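run23.csv (CSV, C-alpha atoms)
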```csv
chain,number,residue,atom,x,y,z
A,1,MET,CA,0.0,0.0,0.0
A,2,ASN,CA,1.2,3.2,-1.4
A,3,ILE,CA,0.2,6.1,-3.7
A,4,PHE,CA,0.5,3.8,-6.8
A,5,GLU,CA,-1.8,1.2,-5.3
A,6,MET,CA,-4.2,3.7,-3.8
A,7,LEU,CA,-4.6,5.6,-7.2
A,8,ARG,CA,-5.2,2.3,-9.0
A,9,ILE,CA,-8.1,1.6,-6.7
A,10,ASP,CA,-9.5,5.1,-7.1
A,11,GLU,CA,-9.1,5.5,-10.8
A,12,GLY,CA,-9.4,2.0,-12.4
A,13,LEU,CA,-7.8,1.3,-15.8
A,14,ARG,CA,-9.4,1.9,-19.2
A,15,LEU,CA,-7.6,1.4,-22.5
A,16,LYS,CA,-10.2,3.3,-24.4
A,17,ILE,CA,-11.0,7.0,-24.0
A,18,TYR,CA,-13.7,7.5,-21.4
A,19,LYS,CA,-15.8,10.2,-19.7
A,20,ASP,CA,-15.5,10.9,-16.0
A,21,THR,CA,-18.5,11.7,-13.8
A,22,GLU,CA,-18.2,15.4,-14.9
A,23,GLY,CA,-18.3,14.6,-18.6
A,24,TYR,CA,-14.6,15.1,-19.2
A,25,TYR,CA,-12.5,12.8,-21.2
A,26,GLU,CA,-9.9,10.6,-19.6
A,27,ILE,CA,-7.9,7.5,-20.5
A,28,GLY,CA,-5.8,4.8,-18.8
A,29,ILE,CA,-5.4,5.4,-15.1
A,30,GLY,CA,-7.1,8.8,-14.6
A,31,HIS,CA,-5.1,10.5,-17.3
A,32,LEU,CA,-7.0,13.7,-18.2
A,33,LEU,CA,-7.2,14.4,-21.9
A,34,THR,CA,-9.4,17.4,-22.3
A,35,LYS,CA,-12.4,19.1,-20.7
A,36,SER,CA,-13.8,20.1,-24.1
A,37,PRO,CA,-16.9,18.1,-25.2
A,38,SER,CA,-15.4,17.0,-28.5
A,39,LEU,CA,-14.2,13.4,-28.6
A,40,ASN,CA,-11.9,14.4,-31.5
A,41,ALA,CA,-10.0,17.0,-29.4
A,42,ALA,CA,-9.5,14.2,-26.9
A,43,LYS,CA,-8.1,11.9,-29.6
A,44,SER,CA,-5.9,14.7,-30.6
A,45,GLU,CA,-4.6,15.2,-27.1
A,46,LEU,CA,-4.1,11.5,-27.0
A,47,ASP,CA,-1.9,11.1,-30.1
A,48,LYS,CA,0.2,13.9,-28.9
A,49,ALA,CA,0.8,12.3,-25.5
A,50,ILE,CA,1.6,8.9,-27.0
A,51,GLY,CA,3.4,10.0,-30.1
A,52,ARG,CA,1.3,8.0,-32.4
A,53,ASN,CA,-2.0,7.6,-34.2
A,54,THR,CA,-4.1,5.9,-31.5
A,55,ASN,CA,-7.6,6.2,-32.6
A,56,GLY,CA,-8.4,6.6,-28.9
A,57,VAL,CA,-6.9,3.2,-27.9
A,58,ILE,CA,-3.7,2.5,-26.1
A,59,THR,CA,-1.6,-0.4,-24.9
A,60,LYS,CA,-1.5,-1.2,-21.3
A,61,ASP,CA,2.1,-0.4,-21.3
A,62,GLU,CA,1.4,3.0,-22.6
A,63,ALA,CA,-1.1,3.4,-19.8
A,64,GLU,CA,1.5,2.5,-17.2
A,65,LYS,CA,3.8,4.9,-18.6
A,66,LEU,CA,1.4,7.8,-18.5
A,67,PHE,CA,0.5,6.9,-15.0
A,68,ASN,CA,4.1,7.1,-13.9
A,69,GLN,CA,4.6,10.5,-15.5
A,70,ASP,CA,1.4,11.6,-13.8
A,71,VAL,CA,2.3,10.5,-10.4
A,72,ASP,CA,5.7,12.0,-10.9
A,73,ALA,CA,4.1,15.4,-12.0
A,74,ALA,CA,1.7,15.4,-8.9
A,75,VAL,CA,4.8,15.0,-6.6
A,76,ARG,CA,6.7,17.7,-8.5
A,77,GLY,CA,3.7,20.0,-8.1
A,78,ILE,CA,3.6,19.5,-4.3
A,79,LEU,CA,7.4,20.1,-4.0
A,80,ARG,CA,7.5,23.4,-5.9
A,81,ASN,CA,4.3,24.8,-4.3
A,82,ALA,CA,4.9,27.2,-1.4
A,83,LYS,CA,1.6,26.3,0.2
A,84,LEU,CA,1.6,22.5,-0.1
A,85,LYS,CA,5.2,21.8,0.4
A,86,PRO,CA,5.4,22.7,4.2
A,87,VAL,CA,2.3,20.6,4.7
A,88,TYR,CA,3.5,17.7,2.9
A,89,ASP,CA,6.8,17.7,4.7
A,90,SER,CA,5.0,17.6,8.0
A,91,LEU,CA,3.0,14.5,7.2
A,92,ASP,CA,3.7,10.8,7.9
A,93,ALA,CA,3.9,8.3,5.0
A,94,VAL,CA,0.2,7.5,4.9
A,95,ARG,CA,-1.1,11.0,4.9
A,96,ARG,CA,1.5,12.0,2.3
A,97,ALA,CA,-0.2,9.6,-0.2
A,98,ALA,CA,-3.6,11.2,0.7
A,99,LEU,CA,-2.3,14.6,-0.4
A,100,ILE,CA,-0.6,13.3,-3.5
A,101,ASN,CA,-3.9,11.8,-4.3
A,102,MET,CA,-5.8,15.0,-4.1
A,103,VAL,CA,-3.2,16.7,-6.2
A,104,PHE,CA,-3.3,14.1,-9.0
A,105,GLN,CA,-7.2,14.7,-9.1
A,106,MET,CA,-7.3,18.5,-8.8
A,107,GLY,CA,-3.8,19.9,-9.6
A,108,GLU,CA,-1.4,21.9,-7.4
A,109,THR,CA,-3.3,25.1,-7.7
A,110,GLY,CA,-6.6,23.3,-7.0
A,111,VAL,CA,-5.4,21.7,-3.9
A,112,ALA,CA,-3.4,24.9,-2.9
A,113,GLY,CA,-6.9,26.5,-2.7
A,114,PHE,CA,-8.1,24.3,0.2
A,115,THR,CA,-6.8,27.0,2.6
A,116,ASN,CA,-8.7,25.9,5.8
A,117,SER,CA,-8.2,22.2,5.3
A,118,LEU,CA,-4.4,22.7,4.9
A,119,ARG,CA,-4.2,24.9,8.0
A,120,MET,CA,-5.8,22.0,10.0
A,121,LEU,CA,-3.6,19.3,8.6
A,122,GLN,CA,-0.6,21.3,9.2
A,123,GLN,CA,-1.5,21.6,12.9
A,124,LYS,CA,-2.4,17.9,13.2
A,125,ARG,CA,-6.2,18.6,13.8
A,126,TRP,CA,-7.3,15.5,11.9
A,127,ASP,CA,-10.8,15.6,12.9
A,128,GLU,CA,-11.3,19.2,12.1
A,129,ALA,CA,-9.4,18.9,8.7
A,130,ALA,CA,-11.8,16.0,7.7
A,131,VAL,CA,-14.7,18.3,8.3
A,132,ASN,CA,-13.1,21.2,6.4
A,133,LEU,CA,-12.2,18.7,3.6
A,134,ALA,CA,-15.9,17.8,3.2
A,135,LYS,CA,-17.0,21.4,2.7
A,136,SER,CA,-15.9,21.4,-0.9
A,137,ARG,CA,-17.0,21.2,-4.4
A,138,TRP,CA,-14.7,18.1,-4.6
A,139,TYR,CA,-16.6,16.2,-2.1
A,140,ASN,CA,-20.0,17.1,-3.7
A,141,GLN,CA,-18.5,16.0,-7.0
A,142,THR,CA,-16.9,12.7,-6.1
A,143,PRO,CA,-18.0,11.9,-2.6
A,144,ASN,CA,-17.2,8.3,-2.6
A,145,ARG,CA,-13.5,9.0,-3.6
A,146,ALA,CA,-13.3,12.0,-1.4
A,147,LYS,CA,-14.6,10.0,1.5
A,148,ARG,CA,-11.9,7.4,1.1
A,149,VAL,CA,-9.1,10.1,1.0
A,150,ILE,CA,-10.6,12.0,3.9
A,151,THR,CA,-10.6,8.8,6.0
A,152,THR,CA,-7.0,8.3,5.2
A,153,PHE,CA,-6.1,11.8,6.5
A,154,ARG,CA,-8.3,11.3,9.4
A,155,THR,CA,-6.9,8.1,10.6
A,156,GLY,CA,-3.5,7.8,9.0
A,157,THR,CA,-4.2,4.2,8.1
A,158,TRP,CA,-5.0,2.3,4.9
A,159,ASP,CA,-8.4,1.3,6.4
A,160,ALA,CA,-10.6,2.8,3.6
A,161,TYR,CA,-8.6,1.0,0.9
A,162,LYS,CA,-8.6,-2.4,2.7
B,1,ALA,CA,-12.5,17.6,-9.8
B,2,UNK,CA,-12.3,21.0,-8.1
B,3,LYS,CA,-12.5,23.8,-2.6
B,4,UNK,CA,-15.0,26.3,-4.0
```

Please rewrite the model in this file as structure tokens.
Amino acid sequence: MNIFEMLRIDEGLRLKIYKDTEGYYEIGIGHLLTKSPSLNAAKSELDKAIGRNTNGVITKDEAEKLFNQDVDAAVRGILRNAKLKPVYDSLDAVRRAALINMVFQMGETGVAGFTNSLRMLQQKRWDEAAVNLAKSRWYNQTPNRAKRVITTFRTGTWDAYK
Amino acid sequence: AXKX
């Protein structure tokens, strides 16, 4: 159990371009293609990522690859961000994965926006961060996922994934 | 997704 395994549970694996619960197009393991409604712009984003004509279908290996780069970018994003970095540094290993998970799903700037929730995590007020984490658009968008991540931060265990 |  780590970020790689946690994300696999949260995102699934699809070798064909798909729509998320918001109508956006993703592929592989949560790799965002485009928020534009056209399936063709999505195919286009795709061939540019891969470097080939894909017709909206990729190999599993290509999926794995993308995933690695994505997890790597989520970590880079936490490390260069002045608001997230001091938080991250302060967390144990389990909670760290919970933050990389939000970042992979919302981006550095989107997570950097959870001002109250980050103040609480930074101060080790786990119950109160969980409550603040729930008052968000994120949670109203993807509550089941958000609920598993918030339990991780609350508890510091892999309980919601087990 | 996405604090609002």

Distance filter 6 Å, all atoms listed in the file, chain A against chain B, as a list in words: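 Every residue of chain A that passes the 6 Å test is in residues 106, 114, 136, 137 and 138 of chain A.
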
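CA of residue 49 in chain A sits 25.4 Å away from CA of residue 99 in chain A.
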
Given only C-alpha atoms as the basis, pick out the residue of A:86, A:23, A:77, A:28 nearest to residue 58 in chain A. A:28

What is the distance, in Å and to one decimal place, between CA of residue 18 in chain A and CA of residue 96 in chain A? 28.5 Å

Residue contacts of residue 63 in chain A (8 Å, all atoms listed in the file) excluding same-chain residues fewer than 2 positions away, as a VMD selection string: chain A and resid 15 27 to 29 58 to 61 65 to 67

Excluding residue 91 in chain A and residues on its chain fewer than 2 positions from it, collect all residues at most 12 Å away from it, counting only C-alpha atoms, and give them as a ChimeraX atom specification. /A:84-89,93-100,118,120-124,126,152-154,156

Same residues, C-alpha atoms, saved as a CSV table (one decimal), in the coordinates of the input:
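Okay, this is what ended up in selection14.csv:
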```csv
chain,number,residue,atom,x,y,z
A,84,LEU,CA,1.6,22.5,-0.1
A,85,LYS,CA,5.2,21.8,0.4
A,86,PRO,CA,5.4,22.7,4.2
A,87,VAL,CA,2.3,20.6,4.7
A,88,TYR,CA,3.5,17.7,2.9
A,89,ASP,CA,6.8,17.7,4.7
A,93,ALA,CA,3.9,8.3,5.0
A,94,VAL,CA,0.2,7.5,4.9
A,95,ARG,CA,-1.1,11.0,4.9
A,96,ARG,CA,1.5,12.0,2.3
A,97,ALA,CA,-0.2,9.6,-0.2
A,98,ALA,CA,-3.6,11.2,0.7
A,99,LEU,CA,-2.3,14.6,-0.4
A,100,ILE,CA,-0.6,13.3,-3.5
A,118,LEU,CA,-4.4,22.7,4.9
A,120,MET,CA,-5.8,22.0,10.0
A,121,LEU,CA,-3.6,19.3,8.6
A,122,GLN,CA,-0.6,21.3,9.2
A,123,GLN,CA,-1.5,21.6,12.9
A,124,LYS,CA,-2.4,17.9,13.2
A,126,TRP,CA,-7.3,15.5,11.9
A,152,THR,CA,-7.0,8.3,5.2
A,153,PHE,CA,-6.1,11.8,6.5
A,154,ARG,CA,-8.3,11.3,9.4
A,156,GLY,CA,-3.5,7.8,9.0
```

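Going from CA of residue 11 in chain A over to CA of residue 145 in chain A, you cover 9.1 Å.
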
May I have the residues within 8 Å of residue 24 in chain A as an MDAnalysis selection string, using all atoms listed in the file and disregarding those fewer than 4 positions away in the same chain? chainID A and resid 18:20 32:37
